[PDB]
Amino acid sequence: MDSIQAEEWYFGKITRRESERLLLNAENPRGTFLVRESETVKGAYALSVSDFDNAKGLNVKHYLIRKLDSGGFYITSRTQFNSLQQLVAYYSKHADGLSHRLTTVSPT
Ligand SMILES: N[C@@H](Cc1ccc(OP(=O)(O)O)cc1)C(=O)O
């Protein structure tokens, strides 16, 4: 499997604030996204996704991706993935509990 660093949507140690600055671009389709390290939960990841909310308008959603020491990743413990690549593919197809499905890799 490709290392996560080879994936166009993986931005590593980009901060939550830096991810919001990027994803709040009004040109980005709803569901523009990247994956990053979590700043608050060591060893976890975050899925950061451009959104349009009925009340808040343009906003960025952040979903915490937990990593099992035994192997695998999840946002909801009932729905586990063997890789971040599998997780991104799954949430690209359907929201299944996110605000919106993933549509667009954050441009850079
Ligand atoms: N519901 C939380 C879930 C969350 C928690 C932490 C997290 O990592 P970081 O602090 O790097 O954004 C990402 C998502 C949120 O909207 O922030």
Side-chain angles (χ1 to χ4, degrees), residues 1-41 43-108:
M1 177 145 270
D2 291 324
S3 76
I4 60 173
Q5 293 84 193
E7 300 290 359
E8 294 185 68
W9 40 258
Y10 186 65
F11 282 88
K13 288 183 192 296
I14 190 172
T15 67
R16 176 183 183 119
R17 202 176 190 2
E18 292 161 357
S19 76
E20 295 204 354
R21 203 222 75 204
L22 275 180
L23 290 171
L24 281 174
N25 189 329
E27 298 208 9
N28 287 335
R30 189 165 179 200
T32 301
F33 76 96
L34 57 81
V35 176
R36 57 182 177 84
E37 294 187 4
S38 176
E39 296 193 271
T40 53
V41 181
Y45 296 89
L47 178 58
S48 294
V49 188
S50 78
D51 189 60
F52 194 85
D53 182 78
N54 284 2
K56 317 173 169 309
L58 268 185
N59 71 102
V60 174
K61 290 287 190 269
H62 305 277
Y63 310 103
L64 187 66
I65 306 167
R66 290 183 196 274
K67 179 181 173 101
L68 300 159
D69 272 350
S70 45
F73 301 92
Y74 74 89
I75 297 170
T76 328
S77 64
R78 56 152 157 131
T79 307
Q80 295 189 15
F81 304 97
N82 297 330
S83 63
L84 290 171
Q85 292 95 331
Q86 203 201 324
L87 183 150
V88 164
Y90 180 89
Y91 287 109
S92 81
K93 288 198 87 128
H94 307 289
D96 196 21
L98 311 182
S99 293
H100 193 277
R101 76 183 184 104
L102 308 181
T103 65
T104 311
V105 170
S106 187
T108 231

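Heavy-atom basis, side chains included; hydrogens, waters and symmetry copies ignored. For this chain, numbers begin at 1 and follow the sequence in order.
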**Q** Counting N and O atoms only, with roles assigned by atom type, does the side chain of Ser48 sit under 3.5 Å from a partner on the main chain of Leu34, one being a donor and the other an acceptor?
**A**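 Pair absent, no side-chain N/O of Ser48 close to backbone of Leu34.
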**Q** Hey, could you give me each pair passing salt bridge (charged side-chain N to carboxylate O under 4.0 Å, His left out) that has a residue in residues 54-65? Not counting sequence neighbours.
**A** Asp51-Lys61
**Q** Are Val60 and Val35 grouped together when hydrophobic residues (ILVMFWY) are joined by side-chain heavy atoms under 4.5 angstrom apart?
**A**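 No, no single cluster joins them.
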**Q** Nearest 0.5 angstrom please: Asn28 CG to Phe52 CZ, how far?
**A**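 Here the rounded value is 14.0 Å.
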**Q** Donor-acceptor pairs are to be reported for all side-chain atoms of residues 18-25 against protein atoms at under 3.5 Å, with residues two or more places apart or in another chain.
**A**
unit_1: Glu18; atom_1: OE1; unit_2: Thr15; atom_2: N; d: 3.1
unit_1: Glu18; atom_1: OE1; unit_2: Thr15; atom_2: OG1; d: 3.3
unit_1: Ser19; atom_1: OG; unit_2: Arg16; atom_2: O; d: 2.7
unit_1: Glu20; atom_1: OE2; unit_2: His62; atom_2: NE2; d: 2.9
unit_1: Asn25; atom_1: OD1; unit_2: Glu27; atom_2: N; d: 2.9

**Q** Are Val49 and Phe73 connected, step by step, through hydrophobic side chains (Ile, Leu, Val, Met, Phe, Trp, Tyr) whose heavy atoms are closer than 4.5 Å?
**A** yes
**Q** Taking side-chain hydrogen bond (donor to acceptor under 3.5 Å, both in side chains) as the test, write out the residues that go with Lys67, two or more places apart.
**A**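 Checked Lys67 against side-chain hydrogen bond (donor to acceptor under 3.5 Å, both in side chains); zero matches.
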**Q** Output the distance between atom CZ (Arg36) and atom CG (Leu47), rounded to the nearest 0.5 Å.
**A** 9.0 Å
**Q** Once you measure the plane-to-plane angle for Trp9 and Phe33, does it fall in the parallel (<30°), tilted (30-60°) or perpendicular (>60°) bin?
**A**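 Aromatic pair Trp9/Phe33 classed tilted.
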**Q** List for me each residue that meets side chain to side chain contact (heavy atoms under 4.5 Å, CB included) alongside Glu8, sequence neighbours excluded, and say none if there are none.
**A** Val105
**Q** About how many Å separate OG1 of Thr40 and CG of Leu64, when rounded to the nearest 0.5 Å?
**A** 6.5 Å
**Q** Using distance only, find each side-chain donor-acceptor pair of residues 83-100 under 3.5 Å and give its atom names and separation, not counting sequence neighbours.
**A**
unit_1: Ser83; atom_1: OG; unit_2: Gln86; atom_2: N; d: 3.0
unit_1: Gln85; atom_1: NE2; unit_2: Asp2; atom_2: O; d: 2.8
unit_1: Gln85; atom_1: NE2; unit_2: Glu7; atom_2: OE2; d: 3.0
unit_1: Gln86; atom_1: OE1; unit_2: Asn82; atom_2: N; d: 3.0
unit_1: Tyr90; atom_1: OH; unit_2: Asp96; atom_2: OD2; d: 2.6
unit_1: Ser92; atom_1: OG; unit_2: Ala89; atom_2: O; d: 2.6

**Q** Please check if the side chain of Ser38 supplies one atom and the backbone of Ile65 the other of a donor-acceptor pair under 3.5 Å.
**A**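 Such a contact is absent between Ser38 side chain and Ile65 backbone.
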**Q** Do any pairs count as a side-chain hydrogen bond (donor to acceptor under 3.5 Å, both in side chains) and have a residue in residues 69-80, sequence neighbours left out, and if so which ones?
**A** none
**Q** When rounded to the nearest 0.5 angstrom, what is the spacing between CZ in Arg66 and CG in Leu68?
**A** 10.0 Å
